[PDB]
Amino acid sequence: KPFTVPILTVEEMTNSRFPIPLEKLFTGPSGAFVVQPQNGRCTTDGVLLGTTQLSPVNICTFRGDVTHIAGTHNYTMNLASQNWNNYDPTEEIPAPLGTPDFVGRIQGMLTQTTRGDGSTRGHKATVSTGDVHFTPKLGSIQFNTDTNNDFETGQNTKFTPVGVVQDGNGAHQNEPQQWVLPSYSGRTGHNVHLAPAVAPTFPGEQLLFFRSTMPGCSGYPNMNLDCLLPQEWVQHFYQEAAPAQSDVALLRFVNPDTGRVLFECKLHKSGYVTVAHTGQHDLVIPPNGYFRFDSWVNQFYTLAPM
C-alpha cells in the first residue's frame, strides 16, 4: 500500500491548531523555544498523537453546561464531549481532543439553547488558557462574557472560537504565546501523555511551518500560528495509514504546470517537516503548487538547499 500526501495547495488546506485556512510556508531556527504542539500531531502511518482529532471545525471549541460566578461576568463550564456526553478525565490523553495547545486569550461566542422551549441566546466570550481556572483535563474551564444574568444552568452551551486578543497595556505582540503549552490541569499537576517536542536533528535543517494568521479581536495580539501538519494531512494519514518504508519521506514541492520542483523536504514518520535552510524565511511559492511524495529515503538524507 503506497504512501501519499493529498494533492492540495497550501491555501486549500486548513490549519490544525485553529479552525482557519493555511496561508503560507515559513521556516526558521527553533532553538530559543520548545516546539511541542499537541494539535496537528499524527504519524504518517496513521497514529493520532497528543490531543489531535479529525474535525477541523472542532479545534478550540467547548461544550457543556455553565454556572454563573456571583458578582462577575464569568461562567464556569463543566466540559462535555462533542456528543454532549460526560467527559472522561481518566482517558490517557493530555486534555479533551481539540483542546487549545497554546497560552493566550481566545475570543468567540458562547451560545446556548433552552431544551424545553427552544429559546436561544448568544454572547461574546473570552477564555484565558493561561488562567488558573483553565483546567480542561479536570473537566472545567472559565469564560468572561458580556452578560451576568442571561445564561442558564443545566442547558447545552457551546463556545465557538473566532480569534485572539491582547491586553494593549503590555508590550505589543506579547500574547498569545503559541509555543507555550497551557497547564491542562492548572495548578493541580503537570501535563501528561504529551506528544513529544520536535527539533531538526540533522545539521543545516530547520522545521517547515504551515502558517496561518489568526484573527485579532482586540489589542495587539501575535497572530502568527504555525502547525507541523495541515489538518488534511492528519485526516489523510489516519485514513490511509500506509506503512512507512523508512523514517523519512522525501517530498517534492511541485508546479503542476510543468512538473518542475521548487524545493524538496523531509516528512518525518513521527509527523513533521524539515528543510535545508538557515535563517528565518517566508517561502515564495506558486499559488498552484503542492507537495508530492517521491520516495522513502535514509534517515540521514541530505536535502538540496531550499
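Basically, rigid core = biggest C-alpha set you can superpose within 1.5 Å across the two forms. Numbering starts at 1 and runs along the sequence shown.
J.: Which stretch is more displaced from the shown form in 5 other deposited structures of this protein, 80 to 88 or 95 to 103, with RMS over structures and residues of Cα positions after a rigid core fit?
T.: Looking at 95 to 103 and 80 to 88 in 5 other deposited structures of this protein, the bigger mover is 80 to 88.
J.: Fit on the core, then compare CA atoms: does 128 to 136 or 183 to 191 lie farther from this form in 5 other deposited structures of this protein?
T.: Higher root mean square deviation of C-alphas in 5 other deposited structures of this protein is shown by 183 to 191.
J.: Mean CA B-factor: is it higher for 26 to 34 or for 50 to 58?
T.: Looking at the record's C-alpha B-factors, the answer is 26 to 34.
J.: Mean CA B-factor: is it higher for 12 to 20 or for 294 to 302?
T.: Per the deposited B-factors, the answer is 294 to 302.
J.: Between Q142, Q155, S212, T111, which one tops the list for C-alpha B-factor in the PDB entry?
T.: Comparing C-alpha B-factors across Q142, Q155, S212, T111, the maximum falls on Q142.
J.: Determine which member of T147, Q235, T99, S119 has the highest CA B-factor, using the values in the deposited entry.
T.: Among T147, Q235, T99, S119, the highest C-alpha B-factor in the entry belongs to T147.
J.: Among all modelled residues of this chain, ranked by Cα B factor, put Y220 in the bottom, middle or top third, i.e. lowest, middle or highest.
T.: Middle third.
J.: Looking at the C-alpha B-factor of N255, is it in the lowest, middle or highest third of its chain?
T.: For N255, the deposited C-alpha B-factor lands in the middle third.
J.: Is the Cα B-factor recorded for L79 in the lowest, middle or highest third of its chain?
T.: Middle third.
J.: Could you tell me which third, lowest, middle or highest, the C-alpha B-factor of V273 occupies within its chain?
T.: Bottom third by C-alpha B-factor.
J.: Using only modelled residues of the chain, where does the Cα B factor of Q173 rank: lowest third, middle third or highest third?
T.: Tercile = highest for this residue's CA B-factor.
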